[PDB]
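Structure first, then comments.
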Amino acid sequence: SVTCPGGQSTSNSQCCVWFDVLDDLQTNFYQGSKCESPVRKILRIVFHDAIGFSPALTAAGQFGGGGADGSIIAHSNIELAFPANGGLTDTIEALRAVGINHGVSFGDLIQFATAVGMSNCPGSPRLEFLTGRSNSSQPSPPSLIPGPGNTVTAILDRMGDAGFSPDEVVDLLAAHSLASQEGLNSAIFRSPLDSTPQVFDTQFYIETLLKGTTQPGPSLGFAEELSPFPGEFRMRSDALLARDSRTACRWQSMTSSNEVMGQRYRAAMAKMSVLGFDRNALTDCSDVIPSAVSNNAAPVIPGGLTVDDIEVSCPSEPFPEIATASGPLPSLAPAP
Ligand code: HEM
Ligand SMILES: *[C@@H]1O[C@H](CO)[C@@H](O[C@@H]2O[C@H](CO)[C@@H](O)[C@H](O)[C@H]2NC(C)=O)[C@H](O)[C@H]1NC(C)=O
Ligand SMILES: O=C(NO)c1ccccc1
Ligand SMILES: [Ca+2]
Ligand SMILES: [Ca+2]
């Protein structure tokens, strides 16, 4: 086969350097293959790098962004000044050093680190990994990243211009199952968006549908909504997307099966990874990506709440039978 210097077998010669950056990222960036803040920050970075792509700007004669081109690292001096890119500098610098030291393009490195980071989180699918994106990039145009205070129409139009259907926008948001916020309400730093910030599961879709009952911090932050229990943060765009008629039925369908959720998320991420590129010009090195440990827990409505506490918003499909839990209402600790 093509046997890499380390004895691993792979598809193509070009995949062998990625076994060295795999070891470096797992030992150093991810602190011993952990699923903590570095993974959550890299997931926010892959979205902010790739979504700087706009066919509408190109059509009007303007540069519309190179997509998944690593421009957020090569042109960090301009892209990290954008409102949406706060809290990312330290992760960007860490990634810059790995890219330089290994001689790989910045666009490829961000896609690789997302696939490897997710493999550290129980329940994750194995994401596709393609190599060969040119290292040359121009700065992304401003105002192409969706914000938590935007209306559902605004988010759907931005995402549609980039190439995503309403269903794929709901599918991409499965990444909020491994998420917290740091900059919307700094008083409750790293408050999780679902009760399992370290497990890639369906809890995010279930819990954003529950009635907002609780104010988790001393005041409300930017685009903050009432949440279902102490310690969980709910942002306005997630609350609105769960309830809007254009996205509500896809959101409800994501609540009962981790297997369907993983499959849909893997497909939407593969599409996002080549925005600005032709995937037929890239080399497939997906065999370098290791498997995640499986998640054996079933979907649940936490802490004694029942289906009467969820605000069913898909008028055509009845809400799935999800297991209920006993005990009092949970209070979530900060995400690690
Ligand atoms: C409709 C578009 C989306 C909006 C409006 C949005 C907005 C946000 C906001 C405001 C935060 C909190 C940032 C902070 O204050 O620390 C957040 C966190 C996060 N988002 Fe999104 N997001 C969206 C889509 C996505 C997508 C598509 C992905 C990736 C596939 C993603 C991955 C993450 C992750 C993993 C975090 C957690 C970061 C951490 O814990 O440090 N988001 N998002
Ligand atoms: C990809 O392009 C960037 C430049 O945009 C290169 O990054 C520079 O690399 C040099 C030498 O390795 C460093 O001293 C600079 O500080 C880097 N600049 C930035 C903005 O990071 C990078 O080397 C290129 N990588 C490859 C494989 O060609
Ligand atoms: O992460 C964001 N969008 O993905 C974001 C965060 C803060 C403000 C605006 C946008
Ligand atoms: Ca980019
Ligand atoms: Ca989760």
Side-chain angles (χ1 to χ4, degrees), residues 1-2 4 8-19 21-22 25 42-59 63-75 95 98-99 102-119 124-141 144-145 158-175 261-292:
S1 30
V2 171
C4 292
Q8 311 88 341
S9 282
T10 193
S11 313
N12 181 309
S13 207
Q14 296 179 308
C15 302
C16 292
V17 67
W18 291 108
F19 286 109
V21 0
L22 176 70
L25 288 175
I42 233 291
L43 280 171
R44 190 165 161 226
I45 286 167
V46 75
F47 177 43
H48 289 189
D49 181 29
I51 207 65
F53 177 75
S54 168
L57 252 38
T58 297
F63 174 60
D69 62 1
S71 59
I72 194 168
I73 299 183
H75 300 294
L95 286 168
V98 177
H102 287 100
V104 291
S105 69
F106 288 152
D108 285 350
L109 181 60
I110 291 169
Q111 295 300 327
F112 188 68
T114 295
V116 173
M118 278 200 79
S119 79
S124 297
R126 282 182 70 226
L127 265 35
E128 175 186 81
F129 173 59
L130 271 23
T131 182
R133 298 170 183 75
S134 176
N135 193 51
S136 211
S137 60
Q138 283 152 266
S140 170
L144 298 186
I145 304 168
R158 177 66 278 279
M159 294 297 276
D161 171 40
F164 301 98
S165 73
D167 282 353
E168 290 173 320
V169 173
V170 175
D171 297 347
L172 239 23
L173 238 7
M261 175 188 80
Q263 155 216 304
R264 291 173 172 176
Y265 175 75
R266 180 185 193 282
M269 287 298 282
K271 173 173 172 163
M272 185 162 85
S273 76
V274 291
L275 258 25
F277 297 85
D278 161 29
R279 64 177 288 126
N280 295 323
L282 306 179
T283 294
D284 191 344
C285 287
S286 300
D287 52 11
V288 178
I289 306 305
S291 324

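When a residue number appears, it is its place in the shown sequence, counting from 1. Worth knowing before you read on, the calculation uses all heavy atoms, side chains too, and leaves out hydrogens, waters and symmetry mates.
The backbone N or O of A270 sits nowhere less than 3.5 Å from a side-chain atom of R279 that would complete a donor-acceptor pair. Side chain of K271 to backbone of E168: no donor-acceptor contact under 3.5 angstrom is found. Side-chain atoms of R133 never come within 3.5 Å of backbone atoms of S105 as a donor-acceptor pair (strictly under, hydrogens ignored). Checking side-chain atoms of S124 against main-chain N and O of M118 turns up a donor-acceptor pair under 3.5 Å. Using modelled atom types, no side-chain atom of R158 and backbone atom of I145 make a donor-acceptor pair closer than 3.5 Å. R126 contributes a side-chain N or O that, together with a main-chain N or O of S286, makes up a donor-acceptor pair within less than 3.5 Å.
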Task: Check against side-chain contact (heavy atoms from CB on, under 4.5 Å), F277 and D69 - done: CA-CA 9 Å; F277 297 85; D69 62 1; 4.1 Å; yes
Task: side-chain contact (heavy atoms from CB on, under 4.5 Å) assessment of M269 paired with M272 - done: CA-CA 5 Å; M269 287 298 282; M272 185 162 85; 3.8 Å; yes
Task: Test side-chain contact (heavy atoms from CB on, under 4.5 Å) applied to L127 and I289, step by step - done: CA-CA 8 Å; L127 265 35; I289 306 305; 5.6 Å; no
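Between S9 and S1 the shortest heavy-atom distance is OG-OG, 3.3 Å. Closest heavy-atom contact between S137 and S71: OG-CA, 3.6 Å. In terms of heavy atoms, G262 sits closest to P125 at O-CG, 3.7 Å. When every heavy atom of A162 is checked against every heavy atom of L275, the shortest pair comes out as O-CD1, 4.0 Å. In plain terms, the two heavy atoms of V17 and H102 that are nearest each other are CG2-O, 3.9 Å. Taking all atoms of both residues into account, the shortest heavy-atom contact from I42 to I110 is CD1-O, 3.8 Å.
To the nearest 0.5 Å, the span separating CG on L43 from NE2 on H48 amounts to 11.0 Å. Atom OG of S273 is separated from atom CG of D108 by 10.0 Å, given to the nearest 0.5 angstrom. Here the CG-CE distance, from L173 to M261, works out to 11.5 Å after rounding to the nearest 0.5 Å.
No hydrogens or angles considered: a donor-acceptor pair under 3.5 Å links the side chains of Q14 and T283.
Residues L109 and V21 form a side-chain contact, since some pair of their non-hydrogen atoms from C-beta on lies under 4.5 Å apart. Between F129 and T114, the closest side-chain pair of non-hydrogen atoms is not below 4.5 Å. In this structure the side chain of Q8 never reaches within 4.5 angstrom of the side chain of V288, judged on heavy atoms. The shortest distance between side-chain heavy atoms of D284 and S11 does not fall below 4.5 Å. Looking at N135 and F106, their side chains come closer than 4.5 Å, going by heavy atoms from C-beta outward. Taking 4.5 Å as the limit, every side-chain heavy atom of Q111 sits out of range of all side-chain heavy atoms of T131. In this structure the side chain of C285 never reaches within 4.5 angstrom of the side chain of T10, judged on heavy atoms.
Between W18 and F112, the ring planes are tilted. Angles from 30° to 60° get that label.
Under the 2.5 Å cut-off for SG-SG separation, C15 and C4 do not qualify: their sulfur atoms lie farther apart than that.
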